[PDB]
Every structure is written in structure tokens, then in C-alpha cells.
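J.: There's a structure below that I have some questions on.
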Amino acid sequence: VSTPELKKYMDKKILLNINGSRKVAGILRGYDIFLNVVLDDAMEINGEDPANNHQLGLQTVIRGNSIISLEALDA
Amino acid sequence: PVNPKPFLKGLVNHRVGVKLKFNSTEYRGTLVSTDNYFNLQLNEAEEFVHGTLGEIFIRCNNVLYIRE
Amino acid sequence: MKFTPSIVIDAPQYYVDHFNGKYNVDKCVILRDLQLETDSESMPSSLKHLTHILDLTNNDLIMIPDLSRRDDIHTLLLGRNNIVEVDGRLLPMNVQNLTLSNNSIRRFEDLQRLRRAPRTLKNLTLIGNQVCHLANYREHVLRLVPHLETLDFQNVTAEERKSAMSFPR
Amino acid sequence: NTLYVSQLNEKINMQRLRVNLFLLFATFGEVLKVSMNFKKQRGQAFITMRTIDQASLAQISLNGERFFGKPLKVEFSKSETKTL
Amino acid sequence: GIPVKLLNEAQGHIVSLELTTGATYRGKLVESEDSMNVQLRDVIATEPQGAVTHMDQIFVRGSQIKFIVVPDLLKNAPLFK
Amino acid sequence: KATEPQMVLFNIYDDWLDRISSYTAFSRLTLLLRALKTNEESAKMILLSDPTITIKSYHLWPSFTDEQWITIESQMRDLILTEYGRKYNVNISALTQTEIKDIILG
Amino acid sequence: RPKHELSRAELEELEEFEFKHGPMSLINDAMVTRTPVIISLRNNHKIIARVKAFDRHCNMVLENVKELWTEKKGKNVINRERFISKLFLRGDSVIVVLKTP
Amino acid sequence: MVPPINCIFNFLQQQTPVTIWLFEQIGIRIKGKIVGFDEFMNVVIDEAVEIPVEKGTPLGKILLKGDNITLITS
Amino acid sequence: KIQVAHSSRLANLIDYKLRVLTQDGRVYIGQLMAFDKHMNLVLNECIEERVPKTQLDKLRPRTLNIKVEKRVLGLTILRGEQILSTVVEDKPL
Amino acid sequence: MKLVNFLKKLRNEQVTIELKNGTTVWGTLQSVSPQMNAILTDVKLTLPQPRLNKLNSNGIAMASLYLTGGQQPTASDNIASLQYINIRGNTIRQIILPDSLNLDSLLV
RNA sequence: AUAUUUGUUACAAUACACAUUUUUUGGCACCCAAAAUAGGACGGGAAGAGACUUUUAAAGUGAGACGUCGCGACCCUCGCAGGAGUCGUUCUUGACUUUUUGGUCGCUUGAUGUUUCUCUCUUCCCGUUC
């Protein structure tokens, strides 16, 4: 019905937790009414910052159902 | 450029396996009909997880994927 | 008059004691100056309604006994009660405080009634009782109280608790 | 109705102090307010009662009573309480 | 419904959040929608295991919210007439 | 489901006559024939009490090895024994075989 | 064609079609023909039940249904059977339902 | 702005291969060529293989439900 | 204890202190004020009570005394998704 | 058709509402909402004992059961008795209705 | 001279609408194992010992990590006012603005819950049961 308001967030590098375990960081591109969030230059954060972190793809889309909290690391 | 619903309309009365999301159980059988929600009906199905099953109704929420 | 069920029913259970819990019951027309000469009978009429606090202050009660299983009850105010002995097995796990000021409890009678506990209450006031005057009464009360957090407004001194524990051993 | 206490042990904790106060004042009458809203401590506590008579009695009896080492200076409040 | 309207009435005030994942986000509420998904400003975070951090801005999905703690003085607010 | 008059053929004795002799199967029929009146709803409770049982496609009755049917017909008799019994107020111990047949026959 | 365009009666004809011709026709043909059905729930407990009634959400009324549930701890198994005369079953728990021969 | 399902349509026509993560309970991730999709984000994948979490077996042309979708990643 | 009206719906009861059960095994006790279509409700002065894992072991079948760790949170708004069942504790002021 | 409209006619009957937790509720039934929210009156709600060398029962259902305030201290097994429980609709799994009532009249 | 009843309107309110990621047609379920007899078990508290830890024989009881409110204080700190002010209005109401004691440190083991790994006996005191 109503679109979520991310309007200040887009183009800013953002960390968001996927499910209980996961945390993905990427530059937010677009979003929809289900909160499905597509972002680019995705990286999967882990305990060891440079080591266990591995990039996903040039463009990644996320189902809004697996989104828990969304924090922007940015202005 | 096939979408899901015409893909199920093309898979009617063909042998299709369906993997549920739980035990990695797949029902292998001839599809009969589907609902709007993609409820499934099957004939001569067989449960793989080894058995033979005459007729089957599968609710939409428990299926993982559908293949031919 | 005597503490009946009807009286209990009548009692004002509207104004909750906002310090802790809910439903600060005052049995009869008013528990303060109810004049319950016998022991607190018909406790089942309340039926563990609700640190549930019951004020029995300014009443004739001789013995702190006759309670029904009350899980909620945490506070007993029993001020101006002619308490003599308060031995019971009903209110044991339940209850966090007991105010016994201006009563008739004996120094030996109060000690005898509890029979000792591994853990009990947490707040206790025995002020204006004959027993408190009695020599080594504070040491005897600490030994009887077993575990205790207070003794007549002053906490049993950590060192006093240690010495009392040594006396118990 | 309200009774403004003064000259008490500041070393004791807030909630505990309130509890103690409640325990003290239950003999006179029904204590409406457990502890003073300001909670500055060091004596400053407003014991709100239901009846004025009870309050009066309290004032009479507990004037210079030993509570946590020091003698409590009981006195009637200037302004009426927010609850009353 | 009234429960969501009270959340809209709490904008610009410090609120607490319990996500169904077990965490706790306490901080100032900037935005809220009728889907109960809110965004909070200058918020202290408590992980499910107790580790506490601080983040400047957060957006949470309403489906994952469990309870929201709102300043008490909104109790007498006109919604409840 | 028939809106028209027509002659249709079926079989009242589906399994039990095929298993057990002809004298007894009618007797087991009549133990039932009294019973479904007395089993106003408990019929489908007691006939389908064993959910392993299926009705054959050609047949009507619930096909079984006929041991529980001896139990079902004994249960069903007892519902007839009490319902005949309650109207005339007979004790269950006072019920005798000459009375039990009179309940079955009458 | 989406459902919000249709009128009040077109939804009734749609539900009549879906019950008569569709997946749930397996249950419907099972209700009329008095054929016992096997139902697996999410719980993992399977009921052999005759279907008195059913519905869109798949919740259904069954009479004389028998429940079969096994449990194991450290590979020690036991099979337990429970008989209930009347059952109303909420449809979200079910996964597979088969029609016995 | 690039709406997410627009991006998925750019996965359909650009014929780029995608890896897709499922829910954490199932323990497999699918990868293949996304052909077409519905409003519910349930997608048909041509030449799909299921990898447990590289010896996974090839699937086929398979319809995968959107309820179990977590990530769609190139 | 307290007898609720034999026919009383969630609308009939307002300002009663309730006891709310969630899916996670914790309880919110307090005065109900509003509620909604999907049954997410507003409690006034609410305290969440929880059962300790050692306490949970004690609850297993054999007078029991459970130490229930609880924390006070005022004027909350629950979510209908989490709510499991509701019971009445007390009657209004 | 909404089959929940059937439950609306079962009012004032003894019933067991067997929930997703495994918790079972015996009680007298009152008005059932269109979302299948079921409100009962005099209810004894409990948890079954899986025997199986005393395998551990549901850990969440024991806590939720003690936290109703209706579990009495001296109960040996795990049960609680209380008046007026209101149950959300999505929590229900099975409903066992009495044997006496006839379906042919109520299922119309 | 002789408040009740009837009709209409509005509000609040109950019974008839929706299985597709944001609440009600389920991501569902699983760690595993422990009492049987004909003076005896079970719980709680205290003491001793074994095995654990620490120092170079002598010291207490499985170990390592978040918080939670508490026992001390060589510190700070004055001491009586959710409420307060303003304006409208008449003997206490509305509209518009200002914004919680505890601020901290030890704990010579507060006291106490999560989460990983590995493998108790003797003596006294108090309650319950046959």
C-alpha cells in the first residue's frame, strides 16, 4: 500500500542484517513496497573484517522478508 | 521469456518432481492441476527422501521448487 | 467483628498500593480499626487476589496464622496487633517483608514460631515488642531470622551477620 | 495530609529508604505515597497519608525517632501534594 | 487502529524497541508508518547477548518488532477518550 | 442425486455374507437393522471407528475381517438394550436372552 | 485475471470452479465418495481421517480420524496411536493429503 | 533509483548467471539463469544447480518459490 | 480470585489488568487500554515476567517456588503477531 | 465458504483446543471470532507427557503455562486451571468437539 | 389544578469482509541420557576430604566471557517544592513555551541470569512421604 521511506538512505553505504546470522553491507540502489532492497558492491561482513569478508556481486537484490534492521553508515 | 504461471500451464500432465522445504523430500509424479496459489495435484506420485502413492494434494506453502 | 468472607468482599480493593504490585486490600469496612479479635479466618475469600500487600494495622489479632496459599502476597503490615506467636507453613516461599510494630510477640515466642529457615522474608520490623528489650535480643533475632536483610530498620551488620552465623555454628 | 521529613541518613538507598518509610508510617494510617517525587534524599521526603488525623498522629509520635542512626525531624508540609 | 496512532503520536520522543531477534534499540523515533516499520535517530543498541553499541540512524522492519515502549505521558492522550 | 424414477441394483450383504454363512449374515444384518435407528449419529462413529477400514467400490458395508463387527454389533445391541430398556425401565442385569431376542425380534 | 476486478457473484463461480475443477477437487471427490484420506501435518503427525467438510484455507472437519505419532530420543523409537471421535482441523498445519484407494 | 524487480528484469534479459541464497534452514544455494518472474518474486531458473553449504547435482528448468528466496546475486 | 463475565469479549474488558502470553514464553501484565483488528494491544503500566532456565527445569514434573526475572516497562504497544493468549488478572480501580 | 462460521454455532459446548505449542485446553466455548479467535470460560489447559525415557517437553510451553498464574503450586503433573482464557486464532492447531452433536444439522 | 411514554437524527457497540515477503490459514519439528523397594527416600543449610586453581610446603570449589539491580566510600552535594510559567476566563479550567538525583569508584570474592567446553563421598541440623 504505502512505500517505505528510505529516500534519505539511497546511494549511501548501508549495513543491514539478513536473518539472525547474517550482515550485508552495500550501497543502496532501490527499494519497493515489500522493502525488497537492491544494492551494488555487496560485501558479506564476518568476524574477521578483511579476511572472512567476501564480495557477492555487482548487483544484489534482497527480499524484504529477510530484512530485520537497516542502519546506514554514512551521513 | 516464460513466467511461472505459463510454466505451470505448460507442465500440466507431465512428469514433475516437487521438492518440499523440510526433509529434502521430493514427490515425483504426473501433475494434474494447479490453483492460483500454485496448490498441486499429482497422480501416480512417488515419495523420495522409495514409496508409491496413488494420488496427492500438495499445499502451496510447503513446496520448495518444482521441476520436470 | 470477626473476620468473615462477607467482610472481605465488602473491603475496598480499588486503591492499589503503587510502591509495589497491586491490590492493597484492607479487610472488613476498614482493616485499620477492624477489631479482628480471633485469628485471621476466612482467608480463602480473598483467594490470592494480589508484591501483593495486605494492611491489617490497628486490629486485635493474637496469632499470625490461618492463611490460605497466597502466591502474590509480598507485604504484611500488622501494626497495632496483639500478636503473640506467628508459626505457619502456608506463607513460606511467598512474602518479602513483615512489619510487626507495637505487638505482644515474645523474644522466645517470636524465635520459636519461625523454627528457622534457610531463606525467608527480606524485610522485618519487630519494634515495640517486649522481646527486642531482652538481652542479646538483636543477636538472638539475627540467629533466629537466619537469612535477613533488615532488623528494626537497621540492617544486621555484615560483620554482625558473620558473628551471628559463627554463634549458630 | 503530607508530612515533610528532614535530617535522615543519606547513605541508605532510595527505594530501600522509601520502603522503610512505608513500614514506619503504616501504623498511624494508610500511606498514599511511598516516597517523595523529588528524591533529593538526605532527609527530604514527603509522607503522603489518606487521613489528616493519621498524619497528625505520626507527627506527634515520630518526632526525633531513631531511623538509620539519626533522629528524624517531622513537620507539616507548606503546600498540598499533587495526589491529594 | 489506536495502537498504531499512538506510535504516530510518539514521533520525536525517546522510545524503546524489542525486535523478535532479541535485540533492544532504545533511542529517538524519527519516522513511523502504518506498517509499524519505524526509523530511529541516535540510538543505543543491545545485542541479544548483551553487547551494547551506538549507531546514529536505524531503520527496522515492522514485522520484526515485538514491543515498543513509549513515553508514559502519552497515556492520557486524546486517542483514549 | 436421482431426479428420475429408475430401477437400481445393489447388495445389502457386501462382505459378511461373502465371509460368513447365510443364516448368520442376515442375523448380523438384523442386529444392524435395528441398530442404525438407535445409532442416530454413533453409526458413523462406530462403523468408521476403525479408520483403517474402507468401503469397497462395488459394495456398501465396511469391509473387514469381522471381529470388530462382532464387537460393533455387540456395542450396537447395548445401545438397543438400553434404549428399549430406558423406555420400560429395565435393569441391564435383568435383561435376559429371551428378553434380548424380544428386543431384537419383538 | 486479478481477483479485485471481479464482482460478488464472479468470486462465487470462481470458488465453485476451484473446488469442482482444481487441486482441491482431490478432497472434494474424497468427501462425496466416503473415501478415507491420509493427512500429514507440519507437526509430523499423520491422521487417517474421513472428511465431513473442507474449505478454501484447507481447514476441514473430519469424523473418526485416527492420529499416528512416533517419537525418538537417541534413536529409541516408540509409535503412539490416538483415536478422537470428532476433529476440526485448521488448514495451515497440513502439507500433503492423499486419497486412499 | 533502480527498483529491485526492475533489476531482476535486467537479470532476465541480460542473461547473466545468478547465485541465489535460500533460507538458513534448508542449507542449499541455487544458481542458474533467471528466465522470468512473477509479482511474488518466485522465479524460473534455466540450467540450475543446487550447491550444498561444488559437487552439487544439476537440476534443470525449475520453478523456485519466492517464499524461500533470501538473496539473488550475480 | 476474580470472576470475569461469562460472556465478555476483548472490547467488553477495558482498564482491567491483564496477563498477556507471547510466543517466546514471556508475559506482559498490565492495564489494557486499546486493541486492534489484528489484536495488537496497548498496556499502561506493564511488567514483563520471564522463566529462568533453571526455573524451567524445576517446572518439569516430579510446593514449587519459581524465581521469575521481570522488568518494568510502561505504556507499551504490543504486536498482534507475537501474542498467544490473554488472561485476566484483576478488575479496574 | 468460510468454515469458521461452523465454529460460531458450536457455542456453549465442551471442547479441547489443541494449540501449536502442544498445549491442550479443555473448556466451555464462547463466541468464536471470524479470525478463529476462540474465547473460553472454565478451562483446564495442560501439556502432554512424552514418555520416551522422560524426554524433555516443550520448554516454552512450560514457561507460558506457569506464567498464566493459574498453575497451582501442589500440582504434581503439569497443568493449570483458570477462568476466561482468550486465544488468538493463528495459535490453534486441532479442535476436538464433543461426540454428541450431529454435523448434518450444523454443517449446513 | 391533573418526571414518564412514543417517533426521528447522530455517536459509541456487538453479529455477515482478505490463505501469496509488514501482524489471523504457520520455517513446522529433533539435542540425547537418570529412582524402584518391601528403617527407607527427597529438598534446603553448615563443616571436612578428594580432585581442581594460585605462589615459592601453604591458602578457598569445574572454568572463561555480557549485562542486572545491590554491600563499602578517604567524594560531591542544602537543604519543604511529573509537574511549572503565560494568556483567556471567573473563584480553578483550556491554549502556548522550559525542561532525573543520583554524578562516580572498589567488592579483601555483591548477589545474580545468558552462553561454550569436560567429567563426587562423609557427618550434623530442619521440613515432606510411607
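By convention here, the chains of the C-alpha cells are called A, B, ... in the order presented, each chain's residues are numbered starting at 1, and ligands are numbered starting at 1 in the order presented.
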May I have the residues within 7 Å of residue 28 of chain D as a PyMOL selection string, using only C-alpha atoms (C1' of nucleotides) and disregarding those fewer than 4 positions away in the same chain?
T.: chain D and resi 54+57-58
J.: List every residue of chain E that DSSP, applied to the backbone, labels as alpha helix (DSSP H), and write the result as a list in words.
T.: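 Checking each residue of chain E, the alpha helix (DSSP H) ones are residues 2, 3, 4, 5, 6, 7, 8 and 9 of chain E.
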J.: Restricting it to C-alpha atoms, dump the selection as a PDB file, in the first residue's frame.
T.:
```pdb
ATOM      1  CA  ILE E   2      -5.438   3.230  18.082  1.00  0.00           C
ATOM      2  CA  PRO E   3      -2.222   1.221  18.772  1.00  0.00           C
ATOM      3  CA  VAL E   4      -0.597   2.482  15.567  1.00  0.00           C
ATOM      4  CA  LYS E   5      -1.942   6.015  16.029  1.00  0.00           C
ATOM      5  CA  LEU E   6      -0.228   6.113  19.430  1.00  0.00           C
ATOM      6  CA  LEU E   7       3.028   5.177  17.690  1.00  0.00           C
ATOM      7  CA  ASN E   8       2.499   8.080  15.295  1.00  0.00           C
ATOM      8  CA  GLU E   9       1.873  10.288  18.345  1.00  0.00           C
TER       9      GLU E   9
END
```
J.: Hey, list the chain E side of the contact with chain K: 8 Å cut-off, only C-alpha atoms (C1' of nucleotides), answer as a PDB file with N, CA and C atoms, in the first residue's frame.
T.:
```pdb
ATOM      1  N   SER E  35       2.647   0.522   8.610  1.00  0.00           N
ATOM      2  CA  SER E  35       3.165  -0.836   8.621  1.00  0.00           C
ATOM      3  C   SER E  35       4.062  -1.077   9.825  1.00  0.00           C
ATOM      4  N   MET E  36       4.138  -0.102  10.738  1.00  0.00           N
ATOM      5  CA  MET E  36       4.782  -0.216  12.043  1.00  0.00           C
ATOM      6  C   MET E  36       6.298  -0.205  11.914  1.00  0.00           C
ATOM      7  N   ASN E  37       6.817  -0.256  10.690  1.00  0.00           N
ATOM      8  CA  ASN E  37       8.242  -0.087  10.471  1.00  0.00           C
ATOM      9  C   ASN E  37       8.628   1.352  10.785  1.00  0.00           C
ATOM     10  N   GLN E  49      22.770 -10.948  23.138  1.00  0.00           N
ATOM     11  CA  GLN E  49      23.647 -11.467  24.178  1.00  0.00           C
ATOM     12  C   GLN E  49      24.182 -10.373  25.098  1.00  0.00           C
ATOM     13  N   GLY E  50      23.749  -9.128  24.907  1.00  0.00           N
ATOM     14  CA  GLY E  50      24.023  -8.055  25.832  1.00  0.00           C
ATOM     15  C   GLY E  50      25.039  -7.036  25.357  1.00  0.00           C
ATOM     16  N   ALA E  51      25.801  -7.346  24.313  1.00  0.00           N
ATOM     17  CA  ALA E  51      26.794  -6.401  23.823  1.00  0.00           C
ATOM     18  C   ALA E  51      26.103  -5.141  23.318  1.00  0.00           C
ATOM     19  N   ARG E  61      12.286  -3.194  10.255  1.00  0.00           N
ATOM     20  CA  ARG E  61      11.049  -3.664   9.657  1.00  0.00           C
ATOM     21  C   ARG E  61      10.003  -3.921  10.732  1.00  0.00           C
ATOM     22  N   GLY E  62       8.782  -3.442  10.482  1.00  0.00           N
ATOM     23  CA  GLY E  62       7.726  -3.558  11.473  1.00  0.00           C
ATOM     24  C   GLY E  62       7.348  -4.980  11.811  1.00  0.00           C
ATOM     25  N   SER E  63       7.471  -5.896  10.847  1.00  0.00           N
ATOM     26  CA  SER E  63       7.145  -7.289  11.106  1.00  0.00           C
ATOM     27  C   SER E  63       8.055  -7.909  12.153  1.00  0.00           C
TER      28      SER E  63
END
```
J.: Could you check the closest approach to chain H for each of K:28, K:34, K:74, K:84 and tell me which residue wins, using only C-alpha atoms (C1' of nucleotides)?
T.: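 Among K:28, K:34, K:74, K:84, it is K:28 that comes nearest to chain H.
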J.: Excluding residue 101 of chain F and residues on its chain fewer than 5 positions from it, collect all residues at most 12 Å away from it, counting only C-alpha atoms (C1' of nucleotides), and give them as a ChimeraX atom specification.
T.: /F:27,30-31,34,77,80-81,84,95-96,106
J.: Atoms to include: N, CA, C and O atoms. Write the selected residues as a CSV table (one decimal), in the first residue's frame.
T.:
```
chain,number,residue,atom,x,y,z
F,27,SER,N,-28.8,-62.4,10.2
F,27,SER,CA,-28.9,-62.1,11.6
F,27,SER,C,-28.0,-61.0,12.0
F,27,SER,O,-28.4,-60.1,12.8
F,30,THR,N,-29.8,-58.0,10.7
F,30,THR,CA,-30.9,-57.5,11.6
F,30,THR,C,-30.4,-57.0,12.9
F,30,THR,O,-31.1,-56.1,13.5
F,31,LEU,N,-29.3,-57.4,13.4
F,31,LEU,CA,-28.7,-56.8,14.5
F,31,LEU,C,-28.3,-55.3,14.2
F,31,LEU,O,-28.4,-54.4,15.0
F,34,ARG,N,-31.9,-53.0,13.3
F,34,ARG,CA,-32.4,-52.4,14.5
F,34,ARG,C,-31.5,-51.2,14.9
F,34,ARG,O,-32.0,-50.2,15.4
F,77,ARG,N,-26.0,-53.6,19.9
F,77,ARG,CA,-27.0,-54.2,20.7
F,77,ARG,C,-27.2,-53.5,22.1
F,77,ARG,O,-28.4,-53.3,22.5
F,80,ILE,N,-29.2,-50.6,21.8
F,80,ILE,CA,-30.6,-51.0,21.6
F,80,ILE,C,-31.1,-51.5,23.0
F,80,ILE,O,-32.3,-51.3,23.4
F,81,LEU,N,-30.2,-52.3,23.7
F,81,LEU,CA,-30.6,-52.8,25.0
F,81,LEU,C,-31.0,-51.7,26.0
F,81,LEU,O,-31.9,-51.9,26.8
F,84,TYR,N,-34.4,-49.5,24.3
F,84,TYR,CA,-35.6,-50.3,24.7
F,84,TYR,C,-35.7,-50.4,26.2
F,84,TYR,O,-36.8,-50.4,26.8
F,95,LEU,N,-32.0,-57.9,31.9
F,95,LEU,CA,-32.1,-58.2,30.5
F,95,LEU,C,-31.5,-59.7,30.3
F,95,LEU,O,-30.4,-60.0,30.7
F,96,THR,N,-32.4,-60.5,29.8
F,96,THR,CA,-32.1,-61.9,29.6
F,96,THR,C,-32.2,-62.2,28.1
F,96,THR,O,-32.7,-61.4,27.3
F,106,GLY,N,-39.3,-59.0,18.8
F,106,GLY,CA,-40.4,-58.2,19.3
F,106,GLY,C,-41.6,-58.4,18.5
F,106,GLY,O,-42.5,-59.1,19.0
```
J.: Atom CA of residue 56 of chain A and atom CA of residue 11 of chain H, how far apart in Å?
T.: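 Computing it gives 15.2 Å between the two atoms.
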J.: Rounded to one decimal, what separation in Å do you get between atom CA of residue 87 of chain F and atom CA of residue 38 of chain F?
T.: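 Between atom CA of residue 87 of chain F and atom CA of residue 38 of chain F the gap works out to 12.9 Å.
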J.: Would you list the contacts of residue 48 of chain F as a short mmCIF file (atom, residue, chain, number, x, y, z; two decimals) with C-alpha atoms, in the first residue's frame, taking every protein, DNA or RNA residue within 10 Å and counting only C-alpha atoms (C1' of nucleotides), but skipping same-chain residues closer than 4 positions in sequence?
T.:
```
data_model
loop_
_atom_site.label_atom_id
_atom_site.label_comp_id
_atom_site.auth_asym_id
_atom_site.auth_seq_id
_atom_site.Cartn_x
_atom_site.Cartn_y
_atom_site.Cartn_z
CA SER F 42 -22.95 -43.02 16.57
CA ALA F 43 -23.34 -45.24 13.48
CA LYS F 44 -20.65 -43.30 11.60
CA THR F 52 -8.16 -48.34 8.56
CA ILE F 53 -11.47 -49.60 7.16
CA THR F 54 -12.54 -48.58 3.68
CA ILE F 55 -15.77 -49.35 1.88
CA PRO F 62 -17.31 -51.50 5.66
CA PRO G 36 -10.65 -42.11 3.84
CA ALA G 49 -9.46 -39.13 8.68
CA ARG G 50 -12.78 -39.20 6.74
CA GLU G 63 -15.01 -37.67 11.97
CA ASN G 64 -13.48 -40.98 13.26
CA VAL G 65 -9.97 -39.73 12.24
CA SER G 85 -14.36 -39.21 17.57
#
```
J.: Would you mind listing what lies within 8 Å of residue 48 of chain D as a list in words, with only C-alpha atoms (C1' of nucleotides) counted and same-chain residues fewer than 3 positions away left out?
T.: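 Listed by chain and then number, they are residues 1, 2, 3, 31, 32, 33, 34 and 81 of chain D.
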J.: Which parts of chain C does DSSP call strand (DSSP E) when run on the backbone here, written out as a PyMOL selection string?
T.: chain C and resi 52-55+73-77+97-99+123-125
J.: Quick one: write out the picked residues with N, CA and C atoms as a CSV table (one decimal), in the first residue's frame?
T.:
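The resulting file, again-v9.csv, is shown below:
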```csv
chain,number,residue,atom,x,y,z
C,52,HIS,N,2.0,-8.3,46.4
C,52,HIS,CA,0.6,-8.1,47.0
C,52,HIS,C,0.8,-7.8,48.4
C,53,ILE,N,0.2,-6.7,48.8
C,53,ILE,CA,0.3,-6.1,50.2
C,53,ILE,C,-1.1,-6.1,50.9
C,54,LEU,N,-1.1,-6.6,52.2
C,54,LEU,CA,-2.3,-6.6,53.0
C,54,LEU,C,-2.0,-5.8,54.3
C,55,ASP,N,-2.8,-4.8,54.5
C,55,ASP,CA,-2.7,-3.9,55.7
C,55,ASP,C,-3.7,-4.4,56.8
C,73,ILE,N,1.1,-12.6,47.7
C,73,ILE,CA,1.3,-11.7,48.9
C,73,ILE,C,2.8,-11.6,49.1
C,74,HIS,N,3.3,-10.3,49.1
C,74,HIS,CA,4.7,-10.0,49.4
C,74,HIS,C,4.9,-9.1,50.7
C,75,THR,N,3.8,-8.3,51.0
C,75,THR,CA,4.0,-7.3,52.1
C,75,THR,C,2.8,-7.6,53.1
C,76,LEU,N,3.2,-7.7,54.4
C,76,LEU,CA,2.3,-7.7,55.5
C,76,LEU,C,2.6,-6.6,56.4
C,77,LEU,N,1.6,-5.7,56.6
C,77,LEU,CA,1.7,-4.6,57.6
C,77,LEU,C,0.7,-5.0,58.7
C,97,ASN,N,8.4,-9.0,53.0
C,97,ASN,CA,8.5,-8.1,54.2
C,97,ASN,C,7.5,-8.4,55.2
C,98,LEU,N,7.7,-8.0,56.5
C,98,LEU,CA,6.8,-8.2,57.6
C,98,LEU,C,7.0,-7.2,58.7
C,99,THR,N,6.0,-6.3,58.8
C,99,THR,CA,6.0,-5.2,59.8
C,99,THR,C,5.2,-5.6,61.0
C,123,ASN,N,12.6,-8.2,54.5
C,123,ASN,CA,12.4,-7.0,55.4
C,123,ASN,C,11.6,-7.4,56.6
C,124,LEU,N,12.1,-7.0,57.8
C,124,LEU,CA,11.4,-7.4,59.1
C,124,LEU,C,11.4,-6.3,60.1
C,125,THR,N,10.3,-6.0,60.7
C,125,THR,CA,10.3,-4.9,61.8
C,125,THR,C,9.6,-5.6,63.0
```
J.: I'd like the interatomic distance between atom CA of residue 41 of chain I and atom CA of residue 11 of chain I, to a tenth of an Å.
T.: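 Going from atom CA of residue 41 of chain I over to atom CA of residue 11 of chain I, I get 11.2 Å.
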J.: Pick out the residues sitting within 6 Å of residue 63 of chain C, and hand them over as a tab-separated table (two decimals) with N, CA, C and O atoms, in the first residue's frame; count only C-alpha atoms (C1' of nucleotides), and ignore anything fewer than 4 positions along from it in its own chain.
T.:
```tsv
chain	number	residue	atom	x	y	z
C	39	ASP	N	-8.11	-15.15	65.31
C	39	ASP	CA	-7.12	-15.29	64.23
C	39	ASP	C	-7.77	-15.03	62.87
C	39	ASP	O	-8.99	-15.14	62.72
C	83	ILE	N	-0.13	-9.55	68.52
C	83	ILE	CA	0.49	-10.82	68.04
C	83	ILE	C	1.24	-11.44	69.22
C	83	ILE	O	1.96	-10.70	69.92
C	84	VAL	N	1.08	-12.75	69.41
C	84	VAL	CA	1.83	-13.48	70.47
C	84	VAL	C	2.82	-14.46	69.82
C	84	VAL	O	4.02	-14.41	70.16
C	85	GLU	N	2.31	-15.32	68.93
C	85	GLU	CA	3.13	-16.27	68.14
C	85	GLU	C	2.66	-16.23	66.68
C	85	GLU	O	1.45	-16.03	66.46
C	86	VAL	N	3.58	-16.42	65.73
C	86	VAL	CA	3.26	-16.42	64.30
C	86	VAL	C	3.92	-17.60	63.59
C	86	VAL	O	4.73	-17.42	62.67
```
J.: Using only C-alpha atoms (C1' of nucleotides), find each residue of chain K with at least one atom at most 9 Å away from an atom of chain C; report its shortest atom-to-atom pair and that distance in Å (one decimal), sort the rows by chain and rising residue number, and return the result as JSON lines.
T.:
```
{"residue": "K:44", "atom": "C1'", "partner": "C:118", "partner_atom": "CA", "distance": 6.3}
{"residue": "K:45", "atom": "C1'", "partner": "C:118", "partner_atom": "CA", "distance": 5.6}
{"residue": "K:46", "atom": "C1'", "partner": "C:169", "partner_atom": "CA", "distance": 7.1}
{"residue": "K:71", "atom": "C1'", "partner": "C:158", "partner_atom": "CA", "distance": 8.3}
{"residue": "K:126", "atom": "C1'", "partner": "C:116", "partner_atom": "CA", "distance": 7.8}
```
J.: Quick one: residues within 8 Å of residue 28 of chain J, only C-alpha atoms (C1' of nucleotides), excluding same-chain residues fewer than 3 positions away - as a list in words?
T.: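 That gives residues 12, 13, 14, 15, 40, 41, 42 and 43 of chain J.
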J.: Counting only C-alpha atoms, which residues from chain B have an atom at most 12 Å from any atom of chain H, and could you show them as a ChimeraX atom specification?
T.: /B:1-8,11,16-25,37-39,60-68
